[PDB]
Ligand SMILES: *[C@@H]1O[C@H](CO)[C@@H](O)[C@H](O)[C@H]1NC(C)=O
Ligand SMILES: *[C@@H]1O[C@H](CO)[C@@H](O)[C@H](O)[C@H]1NC(C)=O
Ligand SMILES: *[C@@H]1O[C@H](CO)[C@@H](O)[C@H](O)[C@H]1NC(C)=O
Ligand SMILES: *[C@@H]1O[C@H](CO)[C@@H](O)[C@H](O)[C@H]1NC(C)=O
Ligand SMILES: *[C@@H]1O[C@H](CO)[C@@H](O)[C@H](O)[C@H]1NC(C)=O
Ligand SMILES: *[C@@H]1O[C@H](CO)[C@@H](O)[C@H](O)[C@H]1NC(C)=O
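In structure tokens form, the structure reads like this:
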């Protein structure tokens, strides 16, 4: 990816996570839990489904026979047919390979963006109260129980509340 | 956008701003003012104008009549014409839709980059002296009047000068 | 670039650097040295070489003569040939210009990503221990000799070790 | 204590390609290149004619194989490999132009041309075209001298297309398989057939002599055809060696001609046909048949073009 | 106290499409698909000929409608719907190949072929081609027997193209509308016209008998034409039923043939024409006419392809 | 004290283009549009025939220039600008269709058709086709009346293709350069040549009279040809003015015909040819010749398409 998040600064993704596409993994007073993010997952899926809306259909472009399977058309005109049919098949084949290569590049770079997008808006929730690990983890100076974890994920978290004990724990 | 700035972490853009494309909005000792950034605006416009330089012209590719509007050409050759003309119109129509879809994707991702690019170089100007709000706002520990605001926008601002009172105001 | 690193927040790149593609430049107790990063250089080169693997070959698409250089084919069929050959050359020429324009856009945005990717993973190594200059430089609160420099580049660096003197040197 | 961000994965991954790399692994991915055929002609709620042994061109002149279709009416015309347009051996001229016409014809209504003859046999027939007994083409008349060697008299027959639509007119020229026979059927002397509309004008003379036997005839009957504009008039003058029409064809409407080896099925519906059957698929490409027709996906050379529907895959 | 970063917007937004989404709203956006026609032929500072009633092929043989153009000279040739190449009814052979030639001809210079005849009327004419009085084609001679039924004598006329450029040669074959008349004009006996260069060699025989009346002639005169290489020589032998040339055409230079219903305008300039007029536009695509010609934008099926010229739009 | 991140550069930069900008400077960049020609035909380990003066169509009928190739065998056939298919002046009919066939033929095996004649000279020859002494085409027989003006007798010759592959059959029609001469060689009276398979049937009559002199013959011999299906039978009846075959051609296998001005070279190998020689290149495009053939890069109008192989360049 161009955003260097998926198989980049994030060592890798978690084979457990059967709940969504991007998620949270916590370690606190209480022990551990791992839980899926609906918003980042839904944004990626909205945009992957949006590419398949574009492609999965067909344009009304219908064709009739200009040569004959059973009984070969005159040779002069037939060469031109074959060559024109060959030049068109050569061109649609480049066009499909390159559309899909471009769609695959942007599909990956897009998911890599939604990984980074979640990380950054979590980083902003904790303005002073925590500092970046670097393996895509946030180390919190203040202790953060399952109610405090559910508030970052539930996106109700109050930085104002824990800034007191966290900041002074420089 | 892939940079997750426009209609992302920035709640949204300001219907007031008739002055440029990206701007600054301040709240200080003095009250309020909202003012346009020339550099981020000009970089986006340089690159949007650059795409229209590529497209708005035409290649010298001129065509002559190979069939007749008034008086239908022989049927054998005419089918081949129609079918070749249909296969070419099918192909230019995919090529235009996809060029414009790719140009629209990169046009948006490019403006989204220039939003993020301004935010980051402002963040760097205030190295210690302020800490990120998360709605695309910088909360300054030190008070910052219209002369101090004009210096971040005028890009003359001295972090060294206010680091004293701001840093210790942890 | 979309990542705003190359010819952006980095003033510019260093004409000295004959060793690799992205590198480190240090100023310490000892004086100065400038040294190349293998990982960021190798990732960019892996992906530039990967585009030339795609393009540098050819598809098996072979063509035979449907007109005659020495002795002009009948005029009716010949116009159709010329026009079909012209419509195909018009189309491959758009297809090549646009492939290469798209490959050039993504080639640049990709190198711009690998510039930014190195900067961010260096920023994370120094979690508390240094704060961003803004010309793509990290100002370290703690003094950092050639052994300390070789550890950030050698990527063995221990933030835990120097956090003591650096953090308190707010 | 701490919180941690990341993404999902499974080590049952799928390979895709990009501008940058050949065979990146991802979470979910889909085929865009349909390669699953239906070996049926999916014909539901489309008026479908199966010519089988009937030649498509044969519907216009009416060999036995075609007697069920002299006035066929269809949106979907299925030409078969076994299907054969004639009985007394011969070709149609620009046969394929004429096929392309009929394939899109919606079928054909026959209308009487209202020729009738005097001082010629009209009833000339052939074991090549048997129905129950030596017969001939349905729509045609095989004009012969009254007696063996009798002199077929110079003659003209004219037909004005008074209909709003153009009339398909066919006629034949008879290559007796010996100049001996030519003269037995038509009388000696060079035989001439000239045909003309406002705009068309062609001469035909028979080239008697022995071809190879086919359905047991060393002779040959080549068909020629034109499309008579309305208020236009085809004139036939002839000397003998002429196979007259009896009926004009008028095209019915719109249809689609397909060549196919696949059986019918009025249970399934489908928009796209080829020699091997029907392509039903919403995928933008296909690798089944570059010569398929109907409403189809763009055919591509590639066996497989996997499109990413999920992020990069990291175990 | 604080400073704040963001971007502009208006809630008068414009919809565009991307790889990812159908109908994203943005700040500014532009049409790339020109659909605004000029219902004029924008002809400024281009030598422009309007054939109107003159048929393009008619400039080579010279029916009345065409007398103003027997030697026409033009960069831009406008063929009109009303325009008609002949007067005594008939067709040109590969007429459209010949049109494509003339459309690009830059016009035509006429040069004398220097035939003259003896023991034939040369002066044969028709109320079909009237100028003031029964006349004939400008460039042609209608060779007839001296007297009704008189025997048109076998004859040859030869013309060497001694010019640096190839000579356009036309000739006609005369389908008298009755074998009765054929023989009145030419004498009885089969009529033959053979024509040959180094490289070309064709026979033509008339097919007399009654076509439909057109401009009041049941007869027909079909034109045949070849392009005589320099130092090459066309030879005409003939028996009668032959319409001679009098002049060869030589192509002038380069031009462009357009078919159009739109009026001229020497006030505007423009590079791209179609049936409905001129496309002036810098846009890369157009949806006006897939059959347009000149220097044009790629025609596309799409009515509209909106390209983004501003960021995403958020109220 | 501090550490610093950045990228490399040199001020010897290379310009490239993008969606966004015309002439961005970058570190390294490469040409994708091969414009370097090899002015040779790179023929190594490909069976290569150089027709030089031999016309490709000439291998089937055998003028002197072609005597080395009557049975040529090759994967790569080089047609030359100087190369000429005949000796007694004339054309082949659909010559280019026939060329396209032979260009891919793999060469031709000749097989005897086993005609022999009686009461005609068979030995007719011409200073046009000299080997050592007035000769004629290798594969052909020039049938003439036994004596000047003697009456060439009506005649038929038949040849069944009993081989698994279709037989290429040629025959000629002889335009004596005066009706005087026609009758000297063949006798007076109209001359007729009819030819027919199961499926083909055509008449030919000579059009005697004087063409321009070419290799010293005002007369002309036009060749006609068909492709005889196996178990099919070509029949030739004729009166005179007929140039018989003596041998059928059978195609050998697969090959490639190229038109070229470039010398051979069995030292180099190469997959892609044009008038000017061989394109060897792994680049995806080329601007050398839009009419090149073999296994080639897509030809593009652009002189240069520079692809970025390094980052943006900043001094
Ligand atoms: C064109 O290719 C077809 C198969 O699509 C082959 O059977 C045929 O021989 C070729 N036709 C001509 C007229 O070259
Ligand atoms: C091709 O389409 C045209 C309109 O572009 C239509 O009027 C015509 O009938 C078709 N021509 C042939 C020869 O099929
Ligand atoms: C087509 O262009 C060629 C060059 O490729 C030119 O020499 C020729 O005159 C044109 N042919 C026809 C048949 O218009
Ligand atoms: C044909 O002729 C009739 C009268 O003979 C006339 O009224 C009609 O408009 C013409 N029809 C067509 C289709 O040209
Ligand atoms: C034609 O012939 C003349 C003399 O008759 C000769 O000098 C000239 O080069 C030839 N011109 C062309 C255009 O072949
Ligand atoms: C041709 O005929 C022979 C016998 O005459 C027969 O056995 C064979 O199968 C036929 N060959 C072809 C190639 O049709």
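Residue numbers (the authors' numbering), protein chains in the order written: chain B, 1 to 170; chain B', 1 to 170; chain B'', 1 to 170; chain A, 11 to 141, 143 to 158, 158A to 158B, 159 to 263, 265 to 276, 276A, 277 to 324; chain A', 11 to 141, 143 to 158, 158A to 158B, 159 to 263, 265 to 276, 276A, 277 to 324; chain A'', 11 to 141, 143 to 158, 158A to 158B, 159 to 263, 265 to 276, 276A, 277 to 324. A prime marks a further copy of an entry chain. Every residue, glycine too, gets a C-beta built ideally from N, C-alpha and C.
Check, Outcome
"Please work out which residues of its chain come closer than 7 angstroms, Cβ to Cβ, to residue 125 of chain B, disregarding the five sequence neighbours upstream and downstream, and give them in chain order.", "152, 157, 159"
"According to DSSP, residue 27 of chain A sits in a beta bridge with which residue or residues?", "A:32"
"Out of A'':219, A'':166, A'':42, point me to the one whose CA is closest to residue 166 of chain A''s CA.", "A'':219"
"Is there a Cβ of chain B'' sitting closer than 7 angstroms to that of residue 84 of chain B, yes or no?", "yes"
"By Cβ distance, which residues of its chain are closer than 8 angstroms to residue 14 of chain B'', with the 5 residues on each side in sequence left out?", "23, 25, 34"
"Starting from residue 79 of chain B'', find everything on chain B' with Cβ-Cβ shorter than 7 angstroms and list it in chain order.", "66"
"On the CB-based measure, 16 or more other CB atoms within 10 Å of its CB, does residue 241 of chain A come out buried or exposed?", "buried"
"Alpha carbon to alpha carbon, how far is residue 102 of chain A' from residue 212 of chain A''?", "24 angstroms"
"Could you list which residues in chain A'' have their beta carbon closer than 9 angstroms to that of residue 76 of chain B, in chain order?", "104, 106, 107, 110"
"Would you please state the rounded distance, in angstroms, between the beta carbons of residue 223 of chain A'' and residue 99 of chain A''? I believe it to be under 8 angstroms.", "4 angstroms"
"Taking contact to mean at least 3 C-beta pairs separated by less than 8 angstroms, is the region 282–296 of chain A' in contact with the region 230–246 of chain A'?", "no"
"Is residue 239 of chain A a contact residue of ligand 4, with contact defined as CB to any heavy atom under 6 angstroms?", "yes"
"When DSSP labels each residue in this structure, what does residue 162 of chain B' get in the three-state scheme?", "helix"
"So, helix, strand or coil for residue 327 of chain A, using DSSP?", "In this structure chain A extends from 11 to 324, so residue 327 of chain A is not present and cannot be described."
"Residues around ligand 1, please: the ones whose beta-carbon is closer than 5 angstroms to some heavy atom of it, in chain order.", "B:78, B:82"
"DSSP beta-bridge partners for residue 17 of chain A''?", "B'':22"
"Can you give the Cα-Cα distance for residue 320 of chain A' and residue 14 of chain A', rounded to whole angstroms?", "19 angstroms"
"Is the beta carbon of residue 299 of chain A' sitting closer than 7 angstroms to the one on residue 89 of chain B'?", "yes"
"Leaving out five residues on either side along the sequence, give the residues of the same chain with a beta carbon under 8 angstroms from the beta carbon of residue 221 of chain A.", "227"
"Distance check for residue 36 of chain A and residue 28 of chain A, CA to CA, integer angstroms please.", "12 angstroms"
"Could one say the Cβ of residue 203 of chain A lies closer than 7 angstroms to chain A''s Cβ atoms, at least one of them?", "yes"
"How many Å lie between residue 12 of chain B'' and residue 23 of chain A'' at the Cα?", "14 angstroms"
"Does the distance from the C-beta atom of residue 104 of chain B'' to that of residue 26 of chain A'' stay below 7 angstroms?", "yes"
"Using DSSP with H/G/I as helix, E/B as strand and the rest coil, what is residue 9 of chain B?", "coil"
"Taking just the CA atoms, how far does residue 169 of chain A'' sit from residue 182 of chain A''?", "21 angstroms"
"What residues in its chain sit with their C-beta under 6 angstroms from that of residue 62 of chain A', if we drop five residues either side in the sequence?", "90"
"Pick helix, strand or coil for residue 151 of chain A, following the three-state DSSP scheme.", "strand"
"For a minimum of 3 consecutive residues, which ranges assigned as the beta strand (DSSP E) are wholly contained in the region 49–89 of chain A?", "50–52, 58–64"
"Decide yes or no for the touch test of the region 195–207 of chain A'' against the region 243–251 of chain A'': beta carbon pairs closer than 8 angstroms, at least 3 of them.", "yes"
"From what residue to what residue does the beta strand (DSSP E) around residue 148 of chain B run?", "Looking at the DSSP string, residue 148 of chain B is not in any beta strand (DSSP E); the run it does join, the alpha helix (DSSP H), is 146–153."
"So, helix, strand or coil for residue 61 of chain B', using DSSP?", "coil"
"Would you mind giving the Cβ-Cβ distance between residue 107 of chain A and residue 48 of chain B, rounded to the nearest angstrom? I have them listed as a contact below 8 angstroms.", "Not a contact, Cβ separation roughly 48 angstroms."
"Could you tell me how far apart the beta carbons of residue 330 of chain A'' and residue 156 of chain A'' are, in whole angstroms, since I believe they sit closer than 8 angstroms?", "Limits of chain A'' in this structure are 11 at one end and 324 at the other, which puts residue 330 of chain A'' out of reach."
"Out of curiosity, what's the CA-to-CA distance linking residue 135 of chain A' and residue 147 of chain A'?", "5 angstroms"
"Under the rule that 16 or more other beta-carbon atoms within 10 Å means buried, what is residue 171 of chain A'', buried or exposed?", "exposed"
"For residue 115 of chain A'', which of helix, strand or coil comes out of DSSP?", "coil"
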